[PDB]
Amino acid sequence: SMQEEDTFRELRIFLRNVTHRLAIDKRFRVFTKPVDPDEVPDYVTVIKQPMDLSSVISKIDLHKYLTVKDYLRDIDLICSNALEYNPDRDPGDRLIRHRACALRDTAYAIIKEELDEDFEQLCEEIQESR
Ligand SMILES: Cc1cn([C@@H]2O[C@H](CO)[C@@H](O)[C@H]2O)c(=O)[nH]c1=O
């Protein structure tokens, strides 16, 4: 449907806007790009599904997200990866875990305030019909 395509285009605009606001926050810099393999060579072995905000933008533009739920699974992945890969009591690990939790919480709070539930419901229904 042309009307369904308008729905998804609006979803994409909304997701780019949320992702931009996360990406510009200084606390979340570490999550804006894939990690440096030369810097952290065991990362690809420990973390099988790397995710970051640049990859999220790429996925939005590739029409990979048809719902906000599918977007949040990738935000959740950014966060869970950070908790799994940096689990220690040392301050560097604690800092990154705090920042990961904050990224997750911030994304969910923006969505809570700014996503219309009926718009998400529409997206989910279109997705489930395909
Ligand atoms: C996302 C992430 C990053 N880092 C460090 O910050 C650099 C830039 O991402 C990485 O190369 C790594 O040294 C980590 O140590 N753990 C992580 O989970």
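Here are some notes:
- None of 94, 89, 99 is surrounded by 12 or more Cβ atoms within 10 Å (Cβ to Cβ), within 16 Å of the ligand (Cβ to nearest atom) and without any contact (Cβ under 8 Å) to a residue 12 or more places away in the chain except 94.
- Listed by first and then second residue, the pairs linking a residue in segment 16-44 that is of a type in the set (A, V, I, L, M, F, W, C) to a residue that is not in a helix (DSSP H, G or I), with Cβ atoms under 6 Å apart and 6 or more places separating them unless they lie on different chains, are 23/32; 31/52.
- Condition met for residue 60 (away from the ligand (no atom under 14 Å from the Cβ) and part of a helix (DSSP H, G or I)): yes
- If the condition is being closer than 21 Å to residue 97 by Cβ and of a type in the set (A, V, I, L, M), then segment 25-62 contributes 30, 35, 40, 44, 46, 47, 51, 53, 56.
To keep it simple, each residue is scored yes or no on (1) of a type in the set (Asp, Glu); (2) over 27 Å from residue 126 (Cα atoms); (3) surrounded by 16 or more Cβ atoms within 10 Å (Cβ to Cβ).
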site: 63; (1), (2), (3): no, no, no
site: 78; (1), (2), (3): no, no, yes
site: 84; (1), (2), (3): yes, yes, no
site: 112; (1), (2), (3): no, no, no
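Rundown of residues vs (1) within 16 Å of the chain's Cα centre (by Cα); (2) surrounded by 13 or more Cβ atoms within 10 Å (Cβ to Cβ), yes/no style:
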site	(1), (2)
7	no, yes
11	yes, yes
17	yes, no
35	yes, yes
44	no, no
49	yes, no
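Every residue, every condition in (1) closer than 20 Å to residue 28 by Cα; (2) assigned to a helix (DSSP H, G or I); (3) in contact with a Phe, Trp or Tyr (Cβ under 9 Å, 6 or more places away or on another chain), yes or no:
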{"residue": "75", "(1), (2), (3)": "yes, yes, yes"}
{"residue": "78", "(1), (2), (3)": "yes, yes, yes"}
{"residue": "82", "(1), (2), (3)": "yes, yes, yes"}
{"residue": "95", "(1), (2), (3)": "yes, yes, no"}
{"residue": "102", "(1), (2), (3)": "yes, yes, yes"}
{"residue": "106", "(1), (2), (3)": "yes, yes, yes"}
{"residue": "125", "(1), (2), (3)": "no, yes, no"}
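Throughout, read-outs are computed from the coordinates displayed, never taken from laboratory work. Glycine gets a Cβ as well: all are built from the backbone with ideal geometry, and neighbour counts include every protein chain shown.
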